[PDB]
Amino acid sequence: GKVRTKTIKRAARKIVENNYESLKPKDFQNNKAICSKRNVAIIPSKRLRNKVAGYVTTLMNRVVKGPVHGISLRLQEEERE
RNA sequence: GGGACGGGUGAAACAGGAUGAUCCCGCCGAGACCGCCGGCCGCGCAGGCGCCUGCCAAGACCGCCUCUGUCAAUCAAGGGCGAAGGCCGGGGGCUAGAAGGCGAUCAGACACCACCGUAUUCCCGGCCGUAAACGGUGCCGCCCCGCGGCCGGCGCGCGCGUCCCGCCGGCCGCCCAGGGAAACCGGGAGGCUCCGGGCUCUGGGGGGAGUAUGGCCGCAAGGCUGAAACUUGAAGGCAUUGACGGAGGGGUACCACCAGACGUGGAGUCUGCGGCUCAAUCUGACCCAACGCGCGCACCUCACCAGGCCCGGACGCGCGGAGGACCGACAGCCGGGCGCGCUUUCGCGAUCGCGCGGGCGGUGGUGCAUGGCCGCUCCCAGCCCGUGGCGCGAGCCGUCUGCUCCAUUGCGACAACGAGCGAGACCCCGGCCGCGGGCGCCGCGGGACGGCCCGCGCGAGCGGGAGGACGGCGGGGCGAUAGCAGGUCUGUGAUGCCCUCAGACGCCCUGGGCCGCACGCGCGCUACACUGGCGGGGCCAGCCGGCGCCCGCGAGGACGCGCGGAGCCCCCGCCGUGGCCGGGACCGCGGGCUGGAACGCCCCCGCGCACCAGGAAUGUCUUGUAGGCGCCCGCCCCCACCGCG
Ligand SMILES: CC[C@H]1CN2CCc3cc(OC)c(OC)cc3[C@@H]2C[C@@H]1C[C@H]1NCCc2cc(OC)c(OC)cc21
Ligand SMILES: [Mg+2]
Ligand SMILES: [Mg+2]
Ligand SMILES: [Mg+2]
Ligand SMILES: [Mg+2]
Ligand SMILES: [Mg+2]
């Protein structure tokens, strides 16, 4: 499985926009661990958790290098003028 | 001049060439025709119109404080012009080319393709008078959204450009209203059921039939005009959804191909399927999507054939019955046998007997009356809902002519917005690691996620390299909407309606048959040998699993207890290319097992069929895979060339 279904992407986007300060991209361990938290998000199945975490890391580094539309980063401070 | 082919086709073959072709070059003759410029340019009443030079007459448009004064529009009759082909009489003869000839293609080809070639194509004079002669839209006249291009003429403005602002006329494109059955028109096909500007022509369901008979015209071919009888229930127009296409564009798959591998069809044989035979050889299914499939047929299984027992007829109503309803039997004959039948005479006692209503039962029929279960479409990626919008409407958008994915899987848009099903996720199995427990290795968890690096791409995602037990859908299960006259009434206390119901299609018993064989083929098995056959020896599997002693050559047999695994292969020798020690079909004595009963199955001696690698055709397959080798379960009294593993 390489193409990721819609559910993965939508939930991953929600997670990033919600928990951004504690998702360091480029690692598959931190993000998996954080997604394990129920205060963060709940995954019924192991494989789904790994899949979601992987997409979350790829989205997070894509964003840290160049933020995207549809994901809110509160960057006004450096673009509010 | 030079020296061997040239022509033509998808590929070829007829015609041409040492009598020098094809090719190069120069000259000569004749007759057609008028290119690239050439056009949402133009002219003309239409048909139609393209070399240079000269001559002749003509025409529309524009400009005008020119002239006349209703002189106009449309039109049967009548007159004139009129593509191409065709005809008459004269000229001319190069290309092409009806007819004709010939070579190919084809089952045929007198057609499409190739080659030769008459009339014709050209000019003069004259007939004919037809075309999808189409803008499939008659002529005159009025009003009418907006934008724009080109042609001709004239005027205004300036910074004088072949500038831009206008007017008339012409040729075009898009288009709001409006119109329409709609396609579409909008310089009208508008101003019209709110249905009257003027003139002429045509039509009244489809065929018969533009035919017959008359008339006029013409050399002719033919043109103009133009019925009836009879027959028929639809024929047609515009548009929607599907299916199909020897239509185009994107994709995809060893049930498709490339590259290979292993095979089948050639023999012998197991089995099933048609045909023949019999008393019966019981039946279902016939391209994918019937033919080792409806889970192993001596009796049952079993319907089919030859024969025979029994009522095992509930429950109600009417009549009879213990002064005796119904039921069994020793002995002798006929009967495969039975108190089956008969011949004498004993026994039993209401568990009922006859009729009428009313049952149960039945591998009997319709799978085209049905339920249920499968097969196929489908080893697919597709299917729909609420609100909203477009159309009179069936319907359309949502649900994608962009880029990606094996995938309506995703990125990014858009009169659509928002959800759902299928796909994924999901469950079983195996590879690595940990904990716990442990008669027997079996319970709970981690781990792999396109995660890291480098290239690209906004994007999702593609290519390469690592590290790791494993790297990119590892093998299976589940399986959308809608549908089929697919199979099944012979799987069932699943069933409607038919047929059978006391000489039974009920149930049971003895036999036979389903295996019978001039022949056609479907899935398989054994071989055609030296990469081998025989003998002796050594040795390791998993689904899982039972052994000792003694007789017997072996298959097997009598005892007694709980204990236990192979072929290929490797080593040593013989055989030595001979249908031979390859091959083991077929057949004759014999010894055993199961079973009430061998037609069934094993072992021993003997005989030793075809087969020398298999035509036209055709099937399957990408890693622990094909192929080769063997081992257990299923149905099973005995037996596996079958099927699941
Ligand atoms: C009109 C002549 C026909 C003669 N043949 C028959 C055999 C044949 C075999 C071919 O396979 C190689 C072939 O490929 C081009 C052509 C032929 C010709 C076919 C001719 C039939 C003709 N009409 C049908 C379709 C067709 C297609 C063609 O392909 C272009 C073609 O080539 C000239 C001719 C034809
Ligand atoms: Mg002519
Ligand atoms: Mg007309
Ligand atoms: Mg009217
Ligand atoms: Mg009418
Ligand atoms: Mg009519």
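Residues numbered from 1 in each chain as written, not as in the entry; some residues may be left out. Chains lettered and ligands numbered in written order. Part of a larger assembly, values for the part shown. Heavy atoms only, no water. Residues with missing side-chain atoms left out of burial classes, pairs and counts.

Method of determination, as given in the entry header: cryo-EM; reported resolution: 3.24 Å.

Student: Just to check I follow, could you spell out the protein's contact with RNA strand B for this structure?
Tutor: Every one of the 19 residues lining RNA strand B counts as a neighbour, but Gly-1, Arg-4, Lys-6, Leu-48 and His-69 are closest to it. Of all RNA strand B atoms lying within 4 Å of any protein atom, the proportion belonging to sugar or phosphate reaches 79%. Taking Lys-46, its side chain carries an N or O atom lying 3.4 Å from a base oxygen of RNA strand B. Between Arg-47 and RNA strand B, the recorded distance is 3.3 Å, taken from a side-chain N or O atom to a phosphate oxygen. Taken together, the elements giving at least two residues each to the surface near RNA strand B come down to α1 (6–18) and α3 (46–65). (Near = heavy atom within 4 Å. Polar contact = N/O pair within 3.5 Å; in protein donor to acceptor, adjacent residues only side chain to side chain. Helix = DSSP H or I, 4+ residues; strand = E, 2+ residues; numbered from the N terminus.)

Student: How should I be thinking about α1 in this particular structure?
Tutor: Here α1 is 13 residues long and its end C-alpha atoms lie 18 Å apart, about the 18 Å a rise of 1.5 Å per residue gives. Listed in full, the buried residues belonging to α1 are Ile-8, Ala-12, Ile-15 and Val-16. Projection of α1 onto a plane perpendicular to its axis shows the buried side chains occupying an angular sector of 95°, all on one side. Exposed residues pointing more than 90 degrees away from the buried face of α1 are listed as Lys-6, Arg-10, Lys-14 and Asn-18. Packing partners of the buried residues in α1 comprise α2 (30–36) and α3. (Expected span 1.5 Å × (residues − 1). Buried < 20%, exposed > 50% of the residue type's maximum accessible area, 1.4 Å probe, protein only. Arc of directions from axis to C-beta. Contact = heavy atoms within 4.5 Å.)

Student: Just to check I follow, could you spell out the side chain of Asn-31 for this structure?
Tutor: Following the sequence through the fold, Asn-31 ends up in helix α2. From its side chain, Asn-31 meets the backbone oxygen of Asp-27 in a polar contact 2.8 Å long. The contact partners of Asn-31, leaving out residues within four places of it in the chain, are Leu-23, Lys-24, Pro-25, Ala-53 and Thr-57.

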